[PDB]
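Below is one structure, written out as structure tokens, with a few remarks after it.
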Amino acid sequence: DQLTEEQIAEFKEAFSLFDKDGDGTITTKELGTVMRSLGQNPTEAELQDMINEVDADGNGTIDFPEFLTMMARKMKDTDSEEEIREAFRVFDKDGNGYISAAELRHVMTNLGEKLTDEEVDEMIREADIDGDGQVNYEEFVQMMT
Amino acid sequence: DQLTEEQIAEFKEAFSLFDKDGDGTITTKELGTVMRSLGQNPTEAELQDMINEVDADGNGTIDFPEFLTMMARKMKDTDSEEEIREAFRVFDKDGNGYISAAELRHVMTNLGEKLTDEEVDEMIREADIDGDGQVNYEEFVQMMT
Amino acid sequence: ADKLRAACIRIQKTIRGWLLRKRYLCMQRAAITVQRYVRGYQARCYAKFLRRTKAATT
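Chains as they are written, first to last, in full-length UniProt numbering: chain Z, 3 to 147; chain F, 3 to 147; chain B, 763 to 820.
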């Protein structure tokens, strides 16, 4: 099994958007952003593993052939709005489908593969916070999928 | 020896989760929670000892460096699975390896560092133990390890 | 300060710990799950931005 002509064309198009010179490479730092533009949602650890697999330099680059090879294997399709919703629920104290905007911010920037404040501010910014400083997280579930 | 780079990362993650404002401290009151969240099982007595050996000032906070010391210290003295099992068999009349779920709850809430009804309930829930059944404590200990 | 007491205390510390650990690991997985989707959707927004300005690129 392998990538079809259509997929190859789709991937080249996506990869090319991040190829500043048309030289056939994307910086290693942007590998994740590119897979993400194709619909994937890889963890930071998975990316680092992929990068290490092809002995790339963190301040270095990756090429189309290896990129294609990575996508052929590493590309998955197990996500769903259910898992992102259950992830938020883990922090839903009352179970009524809301969470504290400030607790979300604090957890997201300290636990796990922490986000920067800017990234979280970007996320919260697109949701409506109500009087008790809470957010209807189904808003995130919707926009994240 | 001492804590690895990896262990340091693990503990900073959890410590930072409870460090409400990133100022580098957690309240002495929640020292137990953090240690427990990281996998160490200290008694309420030990907690109070550790606190004392750091909170003479009475400020009631603990910084990361001391927290890492407490962790390394406590880590040296860790009970085995058999030691826990043995604790169970004193409450195991006949050496069969089981214990009434009803008896367990009674001891947990009446002797030693009395657990709350909420904590005993949670225990039974999270362990999927029959409220009116027998706990194969040998496995229960394995489950908690 | 006695056998029944000690035995019970050894059990209680193991349970208290296990409960909190379990909750922690769980919050950790949830955080990572939310974090990958956050990074995933912001990246898709950014790529959309690039697609939009490439067409304008002469």
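Quick reminder that beta carbons are idealized off the backbone N, C-alpha and C, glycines included.
Spatial distance of residue i from residue j (CA atoms)
| i | j | result |
| --- | --- | --- |
| Z:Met73 | Z:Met37 | 8 Å |
| Z:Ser82 | Z:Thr147 | 8 Å |
| Z:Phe20 | F:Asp79 | 53 Å |
| B:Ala768 | Z:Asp119 | 47 Å |
| Z:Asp59 | Z:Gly24 | 20 Å |
| F:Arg91 | F:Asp51 | 28 Å |
| Z:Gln4 | Z:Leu70 | 10 Å |
| Z:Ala103 | F:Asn61 | 29 Å |
| F:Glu15 | F:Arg75 | 19 Å |
| Z:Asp134 | Z:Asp94 | 14 Å |
| Z:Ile131 | F:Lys22 | 21 Å |
| Z:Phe13 | F:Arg127 | 47 Å |
| Z:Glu105 | Z:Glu84 | 21 Å |
| Z:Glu8 | B:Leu812 | 21 Å |
| F:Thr111 | F:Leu117 | 5 Å |
| Z:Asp96 | B:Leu766 | 38 Å |
| Z:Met77 | B:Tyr808 | 20 Å |
| Z:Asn54 | B:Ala763 | 55 Å |
| B:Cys788 | Z:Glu68 | 35 Å |
| B:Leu781 | F:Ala47 | 19 Å |
| B:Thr820 | B:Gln804 | 26 Å |
| B:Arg772 | B:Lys810 | 57 Å |
According to DSSP, residues forming a beta bridge with residue i
| i | result |
| --- | --- |
| Z:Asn43 | Answer is none; Z:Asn43 lacks a bridge partner. |
| Z:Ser102 | Z:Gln136 |
| F:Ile64 | F:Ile28 |
| Z:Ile126 | According to DSSP, Z:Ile126 bridges with nothing at all. |
| Z:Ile131 | Z:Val137 |
Residue i burial status per 10 Å Cβ neighbour count (16 or more: buried)
| i | result |
| --- | --- |
| F:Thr6 | exposed |
| Z:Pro44 | buried |
| B:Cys770 | buried |
| Z:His108 | buried |
| B:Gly779 | buried |
| Z:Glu32 | buried |
| B:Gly802 | buried |
| Z:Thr30 | buried |
| residue 831 of chain B | The requested residue 831 of chain B does not occur in the structure, where chain B is confined to residues 763 to 820. |
| B:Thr776 | buried |
| B:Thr795 | buried |
Whole-angstrom C-beta distance between residue j and residue i, which should lie under 8 Å
| i | j | result |
| --- | --- | --- |
| B:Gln774 | F:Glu115 | 5 Å |
| F:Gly26 | F:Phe66 | 6 Å |
| F:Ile101 | F:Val137 | 5 Å |
| Z:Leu49 | B:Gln790 | Rounded, the Cβ-Cβ distance is 18 Å, inconsistent with contact. |
Cβ-Cβ distance between residue i and residue j below 7 Å
| i | j | result |
| --- | --- | --- |
| B:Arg806 | Z:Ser18 | no |
| B:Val800 | Z:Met145 | no |
| F:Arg87 | F:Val122 | no |
| Z:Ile10 | Z:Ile64 | no |
| Z:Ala89 | B:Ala817 | no |
| residue 169 of chain Z | Z:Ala129 | One cannot answer for residue 169 of chain Z here, as it falls past the ends of chain Z, which runs 3 to 147. |
| F:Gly99 | B:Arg783 | no |
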